[PDB]
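Laid out below as structure tokens are two forms of one and the same protein chain, each shown alone and named structure 1 and structure 2.
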Structure 1
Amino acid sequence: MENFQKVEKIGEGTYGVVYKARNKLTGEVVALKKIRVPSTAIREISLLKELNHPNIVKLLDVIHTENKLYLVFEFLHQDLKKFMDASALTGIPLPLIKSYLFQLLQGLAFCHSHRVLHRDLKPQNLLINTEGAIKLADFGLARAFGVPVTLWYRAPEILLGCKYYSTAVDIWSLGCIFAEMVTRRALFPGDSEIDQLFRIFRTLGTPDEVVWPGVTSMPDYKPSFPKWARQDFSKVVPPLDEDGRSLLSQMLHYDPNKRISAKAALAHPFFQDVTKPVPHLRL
């Protein structure tokens, strides 16, 4: 640690405090996470080090010293939440929305092909740079550190008590993030688990055995849930064109087994004309 000089409190996250810091020998500027140590975690985290991809935030080094654990990551200058706030008046140009979505789906595809998932995607762990790239941060952590189950981006199978949920839970999250980009408002802003579910049910309809076989058998399903009708997506992400809503709709399938995968989504026609614009950033 002594090898690092803290520059500023970036913010407080899931596993602890995140600092901007400098490596006192490489001179490299990094992001330092102090994780709040079990052998299992050290081993899992050591595997995630080898996971390298242009749309995954690079885990540079793992520092285990004095009972404590620190993760050292590649540093970027802005998270997607800051960006959207900064864009609240004008919104993000579609072509940039489309670039980001496409890059994030490449990231997900990569990690999922290795059976690694995130489980907690949110705009705050989506990081952008001046060159138009976007990258996912904190992939694989939840599983390491054994983090138990912001509810705004949680998949419905997690909320219903599925203990063995899959890569599909990340697709759900990214779909929610996609909608938020387009409209500049959160899709499902729950303030408790039940509120989260119900907001989902009010928009996509209460799930049943017709749309999601097995759902009435999930541990936290109640027959007493109110039954709401489904609303049209034309009303949920309005300006979004048809290919977009089509893709969004397949990202928000209730049935985890019918939800589109990242690899198939890359093949969606909405990406036929994809480009890589650069954003206008004030750092």
Structure 2
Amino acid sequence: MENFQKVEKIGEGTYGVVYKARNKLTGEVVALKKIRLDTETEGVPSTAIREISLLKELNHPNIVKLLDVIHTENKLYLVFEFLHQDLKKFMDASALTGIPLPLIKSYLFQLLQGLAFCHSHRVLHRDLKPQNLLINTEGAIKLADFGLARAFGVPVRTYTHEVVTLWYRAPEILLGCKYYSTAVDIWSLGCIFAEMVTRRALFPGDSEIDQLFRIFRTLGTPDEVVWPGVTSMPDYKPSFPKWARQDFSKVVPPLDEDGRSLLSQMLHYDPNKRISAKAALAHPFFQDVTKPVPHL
């Protein structure tokens, strides 16, 4: 810790604060997550407990690398490889012109790949959103921020008081399902895909019920034909207004046929029919894939 030299703050983790720092001996530039230990209060927080334990196992090109952990009695430091910004910031800095279609396709592909390595190592991210996705000037993108990720060697139960985002939440979670599934990361990534392509949030709702209805009004009200189980689900209601499926052509204008197809399989109401990160990579959408760099 005396080897690192702090350069400037660059944001704040669900828990702790992130600096850009530099190794004064190797010259490497790093992101330093600095976490205050209330040694009297509650100990090492559980967001850190999880992010460290799972990131230490997940070594892969599209997952942010945890380089070193530094433990002193007062402070706990998490040293990450440095990445130049988040997709959210790139998106706001990039509306009115738009992220090039084939930058989008390389990003989704790159994310579905780490997502796939995550899922094959029994790890659910559980909080995918553009703010948690990091990109560098060479056009890599990587899944960052794992404070809510959980190991699913055993199923993972839902916070009946959710503490876990709105705009990118799955209908099955919004309707009060007892467990999470890998299916929930796929939903979010489909939403980020739609968001990258249309420059705005696919389902930007204001309350749990508003959200359900924003999903329903674009994709249609689910029914047992489409999603066997829905009617008997703990928060489902016969009083639900009953809309019809809109035209994915009219949800995602600038998208070719191949794209609307993948988008629509990432956005299935049924967790069991929804595409896997593994399958999605096989989708034809991904043939002409390259590796553009962004204009940062």
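C-alpha atoms forming the largest set that superposes within 1.5 Å between two forms make up the rigid core. For numbering, take structure 1's sequence and count from 1.
Comparing forms between the two structures after core superposition, the one residue of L248, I45, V236, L240 displaced by 2 Å or more at CA: Between the two forms, the residue that moves is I45.
Can a Cα shift of no less than 2 Å be assigned to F139 between the two structures, given superposition on the rigid core? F139: C-alpha displaced by 2 Å or more between the two structures.
Does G11 move appreciably between the two structures, meaning a CA displacement of 2 Å or more on the superposed rigid core? Yes, because once the rigid core is superposed, the C-alpha of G11 moves 2 Å or more between the two structures.
Rigid core superposed, CA of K68 - does it shift 2 Å or more between the two structures? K68: C-alpha displaced by 2 Å or more between the two structures.
For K20, what C-alpha shift in Å is seen between the two structures once the core is overlaid? Its C-alpha moves by 4.0 Å once the cores are overlaid.
Would you mind giving the Cα movement of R259 between the two structures in Å, after fitting on the rigid core? Comparing the two forms, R259 shifts 0.4 Å at C-alpha.
Can you give the C-alpha shift of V29 between the two structures in Å, rounded to one decimal, after superposing the rigid core? Superposing on the rigid core gives a C-alpha shift of 4.4 Å for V29.
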